[PDB]
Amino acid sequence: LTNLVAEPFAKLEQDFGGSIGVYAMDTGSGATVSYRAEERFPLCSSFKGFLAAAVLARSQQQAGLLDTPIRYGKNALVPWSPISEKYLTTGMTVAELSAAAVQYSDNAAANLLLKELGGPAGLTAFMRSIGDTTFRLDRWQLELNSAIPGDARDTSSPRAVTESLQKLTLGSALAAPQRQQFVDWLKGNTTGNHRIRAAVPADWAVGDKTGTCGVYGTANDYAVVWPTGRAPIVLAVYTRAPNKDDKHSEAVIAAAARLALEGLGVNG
């Protein structure tokens, strides 16, 4: 049931000037679309969605965790912290930091939560605990986005991203209340309107998390999509390019998502 219908991914990545990796799953029939799906690509900020899921998992054993108030100093505010900078003088709860990390890609919020979990190795350990043997987070923020060609640090594959996303949003990796909270945070994302969402009709529900490293044409998005009248679709779209100053493209990500839905026979 893999690639029952071929799609012109190769022409798309050649026009872009780099590499595109796609893995999309129809959770009803099990049919898939797969292109460079087992290659490694930089996660960039997309790790923050899995970070929030790891916080929710811990909250199953710590009933007070989500409402715990976290204060922080000005030294915590790194570039692109649009929510946490408004609460510097007050603090924010763990749940609020998680929402900001998912929905605004807030960097200070993600760093505080990574600390709570035991750093890059702690997030990696959570991913191992749901059966993902590909994901690796290795560095703390900023340098984790270097996107160096051939460097496996801070990478995963489109396939492992999609499989883990399915387990957390639709499967049994989280308890039911935590599962729906993760879905609700993804549905509220504000940074993805020109990526997978641009390929999804307005009357379908959708949640996603983006990544944009800023170098090497490297950017990405993953999403769960609920077309009406059929089972949900889970997909991941990752890009990279050979030269440090190659630009990323949101349009290429949206176009790749459209080809994935077409390959699955989902009318959009």
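Numbering starts at 1 and runs along the sequence shown.
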**Q.** Entry-level comparison of average CA B-factors, 188-196 and 167-175, reporting the higher stretch
**A.** 167-175
Q: Would you mind comparing 73-81 and 178-186 for me and telling me which has the higher average C-alpha temperature factor in the entry?
A: 73-81
Q: Have a look at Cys44, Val234, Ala202, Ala37 and flag the one whose Cα has the highest B-factor in the entry.
A: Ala202
Q: Using the temperature factors in the entry, find which of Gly64, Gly211, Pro242, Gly49 has the highest value at its Cα atom.
A: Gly64
Q: Just say lowest, middle or highest third for the CA B-factor of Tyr87 relative to the other modelled residues in its chain.
A: middle
Q: Could you look up the Cα B-factor of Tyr23 in the entry and say which third of the chain it sits in: lowest, middle or highest?
A: lowest
(Q) By the recorded C-alpha temperature factor, relative to the other modelled residues in its chain, which third is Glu96 in? (A) middle
(Q) Among the modelled residues of this chain, does the Cα B factor of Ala110 put it in the lowest, middle or highest third? (A) middle
Q) Within this chain, which third does the Cα B-factor at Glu116 fall in: lowest, middle or highest? A) highest
